[PDB]
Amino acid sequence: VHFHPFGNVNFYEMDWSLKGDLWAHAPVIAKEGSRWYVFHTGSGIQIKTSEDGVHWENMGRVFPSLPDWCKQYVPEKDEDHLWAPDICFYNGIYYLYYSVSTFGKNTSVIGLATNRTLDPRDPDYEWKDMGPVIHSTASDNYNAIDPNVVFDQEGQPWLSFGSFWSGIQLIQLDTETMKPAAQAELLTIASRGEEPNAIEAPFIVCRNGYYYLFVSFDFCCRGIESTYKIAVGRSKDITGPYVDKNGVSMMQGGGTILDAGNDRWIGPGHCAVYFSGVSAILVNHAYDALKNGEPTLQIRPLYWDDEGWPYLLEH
């Protein structure tokens, strides 16, 4: 995938027995040479680094304090934790989207930061604050958090996002600004079709002729009480209609459950999917039942059946 490049790595041959600094919530990954990076929810957007993809060390943050403009959109925010970053690489620039919000409310904005490199030893390393991408207010029926960027088969970039309210949103981006095209409409593409509309964290990939919409269902953010699960559906057109493996509309609670966790890893969710050739990984967090529900980075190989549906080997 041109905008999530991994090189010549065979994700299926790696031994993903992760070690080190694994606290993470809503993680995404990028690779640049021998170095791998995780961006995740935390103070100023938290960053980890790894020499190999398996052993992780904390590497600080994107911003020392909240960008000043954020306060205009979310004036009640009184801490610097930024949520659910998403990274892609395009025209020689890293585009890093992130969410400014407060829990349980839809007064929110997605911001964009850019860099020419992810290696802070590189003299060109500098995260530039590129301001707001798209917002939500209390009068809107959507929530401007949980961004993902995907490029469609025609090379057009798209932003999915959303969490509760009417569900998952989709909008076309301008290639020059990497923010919503002035003549683009907001489309709702997935919903539980019930209240609470517990669907969030979209991530869309294109694989072998379909767009796959990965989402998280049910309740994050409750430690060992979480009920998060990862679900997927697909469509031949990026604008839908997305359906699950059984044929259920993702606008009516459709979604094939890929993982609902186990006795140790509770509430897996807020996922990302990356490719290296035909090989693939699923990246997500899960709440560690041993270690007091602390959200933990997971990276697992993701297989694809002969009907094109993804699956994990542990199920």
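One-based numbering along the sequence shown.
> For the stretches 297-305 and 12-20, which has the higher mean C-alpha B-factor as given in the deposited record?
So the stretch with the higher mean C-alpha B-factor is 12-20.
> Taking only the CA atoms, which stretch has the higher mean B-factor in the record, 182-190 or 207-215?
Between 182-190 and 207-215, it is 182-190.
> Among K229, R222, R234, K71, where is the Cα temperature factor highest, going by the PDB entry?
Checking the PDB record, the top C-alpha B-factor among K229, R222, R234, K71 is at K71.
> Reading the B-factor column of the entry, which of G111, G167, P85, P75 has the highest value at its C-alpha atom?
Most elevated C-alpha B-factor of the set, per the entry: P75.
> Of the three thirds of its chain by CA temperature factor, lowest, middle or highest, which one includes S50?
Middle third of the chain for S50's C-alpha B-factor.
> What third of the chain, by the recorded C-alpha B-factor, contains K31?
Middle third by C-alpha B-factor.
> Looking at the entry's B-factor column for C-alpha atoms only, identify whether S276 ranks in the lowest, middle or highest third of its chain.
Highest third, going by the recorded CA B-factors of the chain.
> Hey, what third does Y142 fall into on Cα B-factor, ranked over its chain?
It falls in the middle third of the chain.
> Looking at the entry's B-factor column for C-alpha atoms only, identify whether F103 ranks in the lowest, middle or highest third of its chain.
Middle third of the chain for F103's C-alpha B-factor.
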